[PDB]
Every structure is written in C-alpha cells, then in structure tokens.
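**Student:** This is the structure I have questions about; it appears just below.
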Amino acid sequence: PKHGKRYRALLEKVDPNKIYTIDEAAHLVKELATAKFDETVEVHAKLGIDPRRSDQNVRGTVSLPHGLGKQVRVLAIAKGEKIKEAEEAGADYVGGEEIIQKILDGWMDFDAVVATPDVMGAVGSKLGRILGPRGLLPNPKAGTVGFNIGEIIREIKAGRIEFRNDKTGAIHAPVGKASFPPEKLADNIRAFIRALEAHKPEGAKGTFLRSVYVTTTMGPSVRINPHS
Amino acid sequence: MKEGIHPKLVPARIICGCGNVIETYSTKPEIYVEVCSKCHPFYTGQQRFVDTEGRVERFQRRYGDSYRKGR
Amino acid sequence: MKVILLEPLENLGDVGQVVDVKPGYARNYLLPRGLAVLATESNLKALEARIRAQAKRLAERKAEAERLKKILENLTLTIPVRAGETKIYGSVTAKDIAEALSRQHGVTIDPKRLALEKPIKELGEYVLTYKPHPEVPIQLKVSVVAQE
RNA sequence: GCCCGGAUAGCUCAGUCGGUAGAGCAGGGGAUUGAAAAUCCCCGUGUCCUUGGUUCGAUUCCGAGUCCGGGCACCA
RNA sequence: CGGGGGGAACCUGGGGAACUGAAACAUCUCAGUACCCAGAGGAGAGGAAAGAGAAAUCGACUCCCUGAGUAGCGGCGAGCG
RNA sequence: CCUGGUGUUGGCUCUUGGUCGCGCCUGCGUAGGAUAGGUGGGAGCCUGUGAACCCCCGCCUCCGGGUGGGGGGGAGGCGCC
RNA sequence: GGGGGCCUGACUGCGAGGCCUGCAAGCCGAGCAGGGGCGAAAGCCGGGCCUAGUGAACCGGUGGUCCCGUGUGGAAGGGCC
C-alpha cells in the first residue's frame with residue numbers, strides 16, 4: 001500500500017473519488033504542484049469517436065486568450081508581406097517556397113504548416129510529398145492554409161493551443177498556467193471546452209465527452225466537470 | 001358446464017389468424033389467416049380439515065385459496 | 001411474496017422475520033409446512049400484537065425490578081448467626097440471606113442468582129452485588145452477627 | 001435488401017503491433033536415380049476479388065465497389 | 001319449500017356455414033345472416049354516466065324522424081357505413 | 001408432431017461463459033547506450049534502498065531485458081545534455 | 001455529315017393553337033415571363049437528325065414542404081411538390 005513517488009504528498013492532496021469541476025481545479029492544481037520552476041499543468045480528455053474512419057478525426061484550435069511563447073512550431077510559407085505579417089505575428093519557422101525547397105532537401109523544424117494562398121501550391125505539392133502523413137503539410141480547413149498567415153501565427157505567439165485526437169480518441173491542450181489565477185485556468189479550460197465541443201464530429205453517438213480532465217506535467221491528475 | 005373456473009368464468013371463445021406484416025417498415029399488410037380456436041388456464045388443490053381438494057383455475061386460484069386459507 | 005415466519009429464521013430459527021419465496025415456492029413448499037403465514041392485516045397485525053406484547057412484558061419486568069431495587073438497596077439487611085467472632089459454625093449461605101429478607105423482613109428473592117461464590121461466614125457485614133434483573137443488580141449491606 | 005461466409009501465382013491454404021511473405025502439391029536446373037519409381041538439393045515462382053482510406057509504414061486494419069455460397073424478410 | 005314440462009313470432013346470450021358478389025378468387029363477401037343450443041317473458045333488451053362534447057354545454061335507458069350513406073372501413077376494389 | 005419463452009413446476013449444490021466497474025501485469029519488422037504499445041504534460045527526478053555497486057527472491061519473454069519486493073549502508077545515479 | 005473553340009435550356013413557369021384517338025393515351029409548337037450560353041451581333045438552345053429504348057391504379061420509400069392535426073401546445077401520423 002506504499003508506492004514509488006515522493007509526489008506521494010501531492011497524491012495525498014489527490015483524493016480521487018470526485019471529478020469535481022473546472023475553477024476548483026485551477027485552485028487545487030495550482031496548489032498541488034510547483035516543483036522545479038512552476039507547474040506546467042495541462043488538460044487532457046477522450047471522446048466517443050473512432051479515429052480509424054477519419055470521419056470524426058478532429059483538430060483545429062480555439063483561442064484561449066493569454067500571452068504566449070512555447071509549444072507546437074509552425075512554418076509561415078508565403079512571400080514578402082505575408083512573411084512580414086505572420087513572422088511578426090508569432091512565427092517559429094518563416095519563409096516561402098524557398099523554405100519549402102530547403103525542407104524537400106533536409107530542413108523540417110515545424111510541426112504545423114500555415115501558408116498563404118500565394119505559395120500554397122509550392123507548399124502542398126512540393127512539400128506535399130515531404131510533410132506528408134507527418135501532419136506537416138497545409139490543408140484549407142486544418143488551420144494551415146489561407147492569407148491570414150499573420151493572424152494565425154500571431155495567435156501562435158499570443159496564445160494558441162490546438163486540438164488533435166491521437167490514435168485512441170483523446171486530445172491534449174494548455175488551458176491555464178500554474179500560479180495563474182484560478183478563475184483564469186477556469187476560463188481557458190472553458191474556451192477549450194467550446195472549440196473542442198464544436199470540433200465534436202457528427203459521427204458521435206452518445207457519451208461523447210467521455211473523460212474530461214486537468215492533470216499537470218509531472219504532478220496531479222483529476223477529472224473536471226466542465227459543466228460547473 | 002363442467003370446466004369454467006370455480007373462482008369466476010374463464011371458459012370460452014377465440015377467433016384469430018395472421019398471415020404476415022411489413023408495415024410502417026416498408027409497406028402494407030400481407031393480410032390473411034381466417035382461423036379459430038380455444039384459450040384457457042390450469043388446475044390444483046389443498047385441504048378443508050383433514051380430507052379436501054380445490055380444483056379451480058390458475059390465478060383466480062392462487063389469490064382465492066389464499067382467501068379461504070384466511071377462512 | 002410477503003412470507004411472515006413464526007418457526008423461521010432461514011431454517012427453524014423462528015419469528016422476527018419475513019422474506020420472499022415466490023408463488024408456489026414459498027407457498028405450498030415452504031409454508032404449507034407450518035412455519036409461517038402471509039402478510040394480511042391478520043398477520044402483519046399479529047406481529048404487531050405480540051411485539052407490543054413483549055414491549056410491555058419486559059418493560060413491566062424492569063418496573064417490578066425497580067420497586068424492589070429501591071425498597072432493598074434502600075434497607076439494611078441484618079441477620080442473626082451463631083459463633084465466636086469470625087466465621088459462624090454453619091456457613092452463611094446467601095440462600096440463608098434469602099430466607100432472611102424473604103419472610104423475616106418482607107420482599108423475597110431466589111437464592112440462585114446472587115453474589116456468593118462460597119459460603120460466606122467471616123461475620124459482621126459485607127455489602128455485595130446479587131444481580132436480580134439482567135442489567136439492574138441489587139446491592140446490599142448485609143451483616144449477621146453472633147446474636148451471641 | 002439483411003446478416004454469416006470464399007476469392008494471392010498452375011492446385012490448395014497461411015499474419016491482431018501490420019508494419020519483413022509465401023508454404024504443402026505440380027513446372028525448370030542438379031546429385032542418390034546402376035533402371036526407372038522414389039528421394040532429396042535447389043531455382044523459377046506471387047495485388048492477399050476492386051477501389052481510395054486510418055496507416056512513417058497495415059495486402060491480415062477503415063469505408064465503399066465485384067463474382068460467388070448459406071439462412072431470413074422483398075416486390076405484394 | 002323450488003324446478004323441472006311446454007309454447008306460432010317476437011327476445012338475450014351461448015356456438016356458429018358455403019353459396020352468389022367481388023363477371024376468376026385465396027383478404028373481402030353475404031354476416032354475426034341461415035341453423036344446433038340454454039334460457040328469463042309476456043316481452044324481455046337496455047336502463048342514473050371513470051357518458052357525451054368542447055359551448056366555461058349537456059345531462060338515465062329504449063324506440064321513431066334526421067343526422068351524410070357524408071365522417072369514413074378496404075386485393076381503398078364489390079362494397080360496407 | 002417437433003420445438004425457444006413463460007405459468008403452476010419447490011430444495012441444496014459443483015460449476016463455466018460474456019459483460020461493464022476498478023487493480024494488477026503487457027507491447028522486441030529496423031538505426032535505436034536499449035523488447036519506444038500510443039498520444040499529452042515535458043529537465044528534471046529521490047533518498048522508510050541512507051545505494052544503479054552488490055545480494056537474492058517474485059514475475060512476464062523473441063539470447064538480451066522489462067518490472068515488483070527483502071537486504072546489504074556511507075553524496076550517489078539517472079532522466080537532462 | 002467530317003474537324004476546332006467556347007457552354008449548359010437534356011432550363012422552371014408555360015403555352016395559343018393543331019397531328020391522330022370514341023376512352024386514356026401518345027404527339028407537333030410560335031410566342032410572353034424569370035434565367036442563363038454560342039456571336040459583336042441578324043438569332044439558335046426548353047437534348048440528340050428524325051419514326052421503336054415503354055407500363056395505369058393501388059401500395060409503400062426517400063429529398064421537401066412547412067398545408068392538416070380529430071379540446072390546445074407539439075406529435076405519431078398525415079395533404080401537395
């Protein structure tokens with residue numbers, strides 16, 4: 001009845017009988033873990049879909065407002081003014097079909113690719129073969145193609161957090177900082193509640209949001225009732 | 001008469017049949033089975049005071065026997 | 001199937017119970033027998049009738065007990081023995097006490113239940129606990145002395 | 001039309017991480033075949049019915065598409 | 001003490017059929033009709049509403065006229081109602 | 001006629017299967033200090049072993065190894081990189 | 001009829017007035033409207049070069065519609081396209 005984790009104390013904080021609710025969560029998590037540096041809490045969950053038959057495979061992104069600087073890099077592929085807008089907006093990788101060519105060669109440092117409709121052909125067909133089933137090629141309703149290279153990369157820097165059910169039907173995303181206001185963690189938990197809810201493919205039949213919770217990096221793990 | 005019930009009347013009639021369905025499913029009724037039949041219960045018993053019976057019929061039975069069991 | 005049982009408790013473990021044993025089952029298989037009868041005002045009542053019954057019974061018990069508890073714990077119990085200045089020649093049997101309080105003073109009690117392991121006969125008084133009614137014991141100051 | 005089921009080389013059947021393919025019997029080449037038979041050695045030898053899809057990568061995994069076989073309800 | 005035994009037709013319930021129609025005919029049709037029965041009468045039948053009907057309305061039951069042969073039931077066909 | 005359900009057609013019992021609830025344990029095509037089952041958080045973690053050095057013992061296998069325990073003690077190890 | 005370009009009217013609303021025919025059929029169609037497409041346009045296009053590739057009525061399905069609902073709100077269900 002004794003286990004291998006010093007976290008044990010934090011675990012004692014952890015009383016897994018209730019699934020509680022969001023704001024409560026902000027507070028008890030914020031308290032629960034501030035180990036090395038300050039907790040990097042995150043929320044994770046699983047939906048009653050079936051990602052094999054991609055007719056439910058979701059992803060996208062809500063806009064949990066709150067300053068940013070880390071996670072999921074992206075390539076702003078376009079030309080002059082777009083390099084301007086998106087680069088400044090908040091880009092990790094920037095350029096155009098020249099960057100596309102560099103990638104075809106041996107340079108790929110971006111998980112998501114967002115290109116404006118001006119170098120989109122070169123991006124998708126030149127780099128189509130390269131970014132491929134990696135998730136690195138631009139798609140017109142996958143928050144990856146369009147002129148607002150600046151707007152989207154911008155949010156990438158000011159606050160982004162995306163969605164993408166993994167193999168077994170679950171998503172992960174940042175919806176509040178560690179020492180961050182409880183009500184805050186609540187609100188972001190929410191924006192995610194919503195965009196996620198929307199993504200909810202019409203291919204669901206019943207208890208869709210099955211398990212919805214807040215867990216940290218290295219720390220506690222408790223479900224939250226995004227209802228209250 | 002010699003086989004109705006004992007605890008009321010359950011000895012008689014029955015007109016019936018069928019054919020087939022497929023209605024609020026895909027169409028009309030495969031209609032027909034001009035047939036006729038019987039339709040009834042069962043028998044059993046207990047004791048007055050050393051030496052008895054009952055006879056009767058099914059349910060009505062069960063409640064009943066309970067009743068005169070009361071006496 | 002409200003089977004009310006007299007001789008039953010899941011076997012001949014009698015009264016204080018009622019269970020279900022389906023139609024015929026409980027019916028002619030478990031109760032034709034003669035170990036229980038079914039609900040009804042007659043039966044449920046029955047339980048109520050005699051339950052009240054024991055309530056009053058035991059209650060009463062407790063009561064008479066009290067009348068005697070008071071009277072006795074109250075009074076001193078003095079008795080006459082024959083001896084020198086220690087144990088009487090013929091042992092002091094709490095039963096003896098019995099005859100004593102009993103018709104020598106008034107209220108009576110059965111020897112059996114009491115407080116007396118072996119004959120007590122040192123002399124003078126000892127006040128002991130002879131439990132008369134199951135949780136309410138009668139305690140008393142008993143002294144017998146050589147009436148010389 | 002419903003559900004169970006068979007289809008890969010000439011014949012027959014083999015994988016739930018899938019992520020690397022054929023195998024038993026015939027056809028070509030080579031030893032024991034003194035004769036053969038027979039036997040071994042070898043090779044040739046393939047989309048796993050069609051098609052995209054989840055899939056880095058799944059032919060056995062997702063959906064739909066043939067021809068066929070067994071058991072239901074169809075037109076009334 | 002009672003019944004039973006009758007009785008042309010009327011009568012209640014009990015059980016209950018092919019024709020013919022549908023120019024075939026298997027749903028359907030004649031129909032709950034013919035007939036076997038049991039039985040109360042002089043007539044039984046029904047007979048004071050878990051009714052009607054939607055107006056903040058009626059008011060037992062039965063039979064006549066009307067209610068439409070419309071409302072409708074259906075190899076929506078013969079027809080039936 | 002044969003035959004699932006179900007009603008009288010009550011009692012104790014040996015047991016075996018599917019399912020969901022929690023707990024444990026698992027994952028070796030190949031470069032991969034290495035049997036990475038994914039996708040998340042994501043450079044730090046820990047001292048009731050005072051340790052990865054050593055000891056046996058529990059368990060699962062595709063040599064290896066993974067995991068769970070009892071002990072033995074003298075700032076150490078590993079994830080980072 | 002043979003070749004190239006560009007394109008959907010192989011349009012909805014509809015049609016006057018005629019072919020034949022007793023029934024129902026089937027068949028021919030200027031021109032008015034909305035709406036487009038081939039030329040710059042005088043205009044052609046409401047399938048093909050034409051005469052065969054066809055089937056009532058019931059029944060029921062689906063994409064409407066958003067008409068009806070058996071007191072009223074909705075609805076099973078249902079009327080027309």
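Protein chains in written order, with PDB author numbering: chain BC, 1 to 228; chain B3, 1 to 71; chain BK, 1 to 148. Here a beta-carbon is modelled for each residue, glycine too, at the ideal position from N, C-alpha and C.
(1) Give me the DSSP bridge partner(s) of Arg223 (chain BC).
(2) Tell me which residues of the segment 15-44 of chain BK have at least one Cβ-Cβ distance to chain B3 shorter than 9 Å, keeping chain order.
(3) Secondary structure at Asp166 (chain BC), three-state DSSP: helix, strand or coil?
(4) Compare the C-beta of residue 74 (chain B3) against all C-beta atoms of chain BK and say whether one is closer than 8 Å.
(5) For the beta strand (DSSP E) that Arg103 (chain BK) lies in, which residues bound it at each end?
(6) Is the number of C-beta pairs between the segment 99-110 of chain BC and the segment 164-172 of chain BC that are closer than 8 Å three or more?
(7) When you compare only the Cα positions, how much space is there between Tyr25 (chain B3) and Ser221 (chain BC)?
(8) In whole angstroms, give me the CA-to-CA distance for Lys30 (chain BC) and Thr215 (chain BC).
(9) What would DSSP say about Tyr89 (chain BK), mapped onto helix, strand or coil?
(10) Quick one: what's got a C-beta closer than 7 Å to residue 76 (chain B3)'s C-beta in the same chain, skipping five residues either side?
(11) Are at least three pairs of beta-carbons, each pair with one atom in the segment 17-26 of chain BC and one in the segment 150-158 of chain BC, less than 8 Å apart?
(12) Quick one: is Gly54 (chain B3) near chain BK, going by C-beta distance under 8 Å?
(13) Between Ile193 (chain BC) and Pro140 (chain BC), is the Cβ-Cβ spacing less than 8 Å?
(14) Sorry if obvious, but does the Cβ on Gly90 (chain BK) come closer than 7 Å to a heavy atom of the ligand COA?
(15) Could you pull the start and end residues of the beta strand (DSSP E) that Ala36 (chain BK) belongs to?
(16) Just checking: is the beta-carbon of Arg62 (chain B3) within a distance shorter than 8 Å of some beta-carbon in chain BK?
(17) In the DSSP assignment, what are the bridge partners of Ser63 (chain BC)?
(18) Which residues does DSSP pair with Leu77 (chain BK) in a beta bridge?
(19) Determine contact between the segment 55-63 of chain BK and the segment 5-21 of chain BK, defined as no fewer than three beta-carbon pairs at a distance below 8 Å.
(20) For a cutoff of 8 Å on Cβ pairs, would you count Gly45 (chain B3) as touching chain BK?
(21) How many Å lie between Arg67 (chain BK) and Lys95 (chain BK) at the Cα?
(22) Between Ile224 (chain BC) and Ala25 (chain BC), how many whole angstroms is the CB-CB distance? I'm expecting something under 8 Å.
(23) Only counting the same chain, and skipping five residues up and downstream in sequence, which positions put a Cβ closer than 8 Å to that of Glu42 (chain BC)?
(24) Based on the DSSP output, what are the partners of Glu42 (chain BC) in its beta bridges?
(25) Please determine if the segment 200-213 of chain BC and the segment 20-40 of chain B3 are in contact, where contact requires at least 3 C-beta pairs separated by less than 8 Å.
(26) Checking contacts by CB at 8 Å: is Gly4 (chain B3) closer than that to chain BK?
(27) Taking the beta carbon of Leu32 (chain BC) as the centre, do at least 16 other beta carbons fall within 10 Å, making it buried, or is it exposed?
(28) Helix, strand or coil for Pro137 (chain BK)? Go by DSSP, reduced to three states.
(29) How would you write the range of the alpha helix (DSSP H) that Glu87 (chain BC) sits in, first residue to last?
(30) My understanding is that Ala186 (chain BC) touches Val62 (chain BC), with C-beta atoms under 8 Å, so please give their C-beta distance in whole angstroms.
(31) Looking at the strands, I want to know which residues DSSP matches up with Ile120 (chain BK).
(32) Pick helix, strand or coil for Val29 (chain BC), following the three-state DSSP scheme.
(33) Does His40 (chain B3) pass the burial test, meaning 16 or more other C-beta atoms within 10 Å, or should it be called exposed?
(34) Would you call the segment 109-117 of chain BK and the segment 37-53 of chain BK touching, i.e. three or more CB-CB distances under 8 Å?
(35) Could you say which of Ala98 (chain BK), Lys121 (chain BK), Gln104 (chain BK) and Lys56 (chain BK) lies nearest to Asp110 (chain BK) if we only look at CA atoms?
(36) Would you tell me roughly how many angstroms separate the C-alpha atoms of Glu3 (chain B3) and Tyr43 (chain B3), rounded to the nearest one?
**Tutor:** According to the data block:
(1) By one-based count along the first sequence, residue 223 (chain BC) stands at place 223. DSSP output for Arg223 (chain BC) lists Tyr213 (chain BC) as bridge partner(s).
(2) Answer in chain order: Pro23, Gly24, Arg27, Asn28, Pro32, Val37, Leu38, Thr40 and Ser42.
(3) Sequence index remark: in the first sequence, residue 166 (chain BC) carries index 166 (1-based). Assigned with DSSP and collapsed to three states, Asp166 (chain BC) falls in strand.
(4) Because chain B3 is modelled from 1 through 71, residue 74 (chain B3) falls outside the range shown and cannot be assessed.
(5) In the third sequence, the residue the question calls residue 103 (chain BK) occupies position 103. Counting along the chain, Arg103 (chain BK) falls outside any beta strand (DSSP E), and DSSP gives it neither H nor E.
(6) Contact between the segment 99-110 of chain BC and the segment 164-172 of chain BC is absent, because fewer than three Cβ pairs lie under 8 Å.
(7) Here residue 25 (chain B3) refers to the residue found at position 25 of the second sequence. Here residue 221 (chain BC) refers to the residue found at position 221 of the first sequence. The straight-line gap separating the alpha-carbon atoms of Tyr25 (chain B3) and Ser221 (chain BC) is approximately 50 Å.
(8) Taking the first residue of the first sequence as position 1, residue 30 (chain BC) is located at position 30. Taking the first residue of the first sequence as position 1, residue 215 (chain BC) is located at position 215. In a straight line, the C-alpha of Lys30 (chain BC) is about 11 Å away from that of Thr215 (chain BC).
(9) Walking along the third sequence from the start, residue 89 (chain BK) turns up at place 89. Secondary structure of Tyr89 (chain BK) (DSSP, three-state): coil.
(10) This structure does not reach residue 76 (chain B3), given that chain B3 is present from 1 up to 71, and the question cannot be answered.
(11) In short, these stretches do not touch, since the Cβ pair count stays below three.
(12) Looking up residue 54 (chain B3) in the second sequence gives position 54. With its beta carbon at least 8 Å from every one in chain BK, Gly54 (chain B3) lies outside the interface.
(13) Counting from one through the first sequence, the residue named residue 193 (chain BC) turns up at place 193. Counting from one through the first sequence, the residue named residue 140 (chain BC) turns up at place 140. Against a cut-off of 8 Å, the Cβ pair of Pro140 (chain BC) and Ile193 (chain BC) comes out as no contact.
(14) The ligand COA is not part of this structure, which contains no ligands at all.
(15) Along the third sequence, read from residue 1 onward, the residue named residue 36 (chain BK) stands at position 36. Where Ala36 (chain BK) is concerned, the enclosing beta strand (DSSP E) stretches over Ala36 to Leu38.
(16) Here residue 62 (chain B3) is taken as the residue at index 62 of the second sequence, counted from 1. So, interface residue.
(17) Residue numbering aside, residue 63 (chain BC) sits at position 63 when the first sequence is read from its first letter. Paired residue(s): none; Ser63 (chain BC) is not in a bridge.
(18) Looking up residue 77 (chain BK) in the third sequence gives position 77. Partner(s): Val142 (chain BK).
(19) Cβ pair count under 8 Å is below three, so no.
(20) In the second sequence, counting from the first residue as 1, residue 45 (chain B3) sits at position 45. It does not; no Cβ of chain BK falls within 8 Å.
(21) Residue numbering aside, residue 67 (chain BK) sits at position 67 when the third sequence is read from its first letter. Residue numbering aside, residue 95 (chain BK) sits at position 95 when the third sequence is read from its first letter. Straight-line measurement puts the Cα of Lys95 (chain BK) at about 21 Å from the Cα of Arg67 (chain BK).
(22) Locating residue 224 (chain BC) in the first sequence gives position 224, counting from the first residue. Locating residue 25 (chain BC) in the first sequence gives position 25, counting from the first residue. With 8 Å as the limit, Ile224 (chain BC) and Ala25 (chain BC) qualify as a contact, their Cβ atoms being about 5 Å apart.
(23) Position 42 of the first sequence holds residue 42 (chain BC). The answer, listed in chain order, is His172, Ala173, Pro174, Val175, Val214, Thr215, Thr216 and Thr217.
(24) For the purposes of this step, residue 42 (chain BC) is taken as residue 42 along the first sequence, with counting starting at 1. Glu42 (chain BC) is bridged to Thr215 (chain BC).
(25) They do not touch, by the three-pair rule.
(26) Indexing the second sequence from 1 puts residue 4 (chain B3) at position 4. Not flagged as an interface residue toward chain BK: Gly4 (chain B3), since no C-beta distance is shorter than 8 Å.
(27) Your numbering for residue 32 (chain BC) matches position 32 in the first sequence. Burial call: buried.
(28) If you number the third sequence from 1, residue 137 (chain BK) lands on position 137. Assignment of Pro137 (chain BK) by DSSP, reduced to helix, strand and coil, places it in the strand class.
(29) For the purposes of this step, residue 87 (chain BC) is taken as the residue at position 87 of the first sequence. Where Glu87 (chain BC) is concerned, the enclosing alpha helix (DSSP H) starts and stops at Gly80 to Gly90.
(30) Walking along the first sequence from the start, residue 186 (chain BC) turns up at place 186. Walking along the first sequence from the start, residue 62 (chain BC) turns up at place 62. The distance from the Cβ of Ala186 (chain BC) to that of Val62 (chain BC) is about 14 Å, inconsistent with a contact at the 8 Å cut-off.
(31) On the third sequence, residue 120 (chain BK) is found 120 positions in, with the first residue counted as 1. BP columns for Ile120 (chain BK) point to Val92 (chain BK).
(32) Your numbering for residue 29 (chain BC) matches position 29 in the first sequence. It is helical.
(33) Numbered from 1 along the second sequence, position 40 holds the residue referred to as residue 40 (chain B3). Per the 10 Å Cβ criterion, exposed.
(34) Flag = no, the segment 109-117 of chain BK and the segment 37-53 of chain BK do not touch.
(35) As a working mapping, residue 110 (chain BK) is identified with position 110 in the third sequence. Taking only the C-alpha atoms, the option nearest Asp110 (chain BK) is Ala98 (chain BK).
(36) Your numbering for residue 3 (chain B3) matches position 3 in the second sequence. Your numbering for residue 43 (chain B3) matches position 43 in the second sequence. Approximately 10 Å, taken between the alpha carbons.
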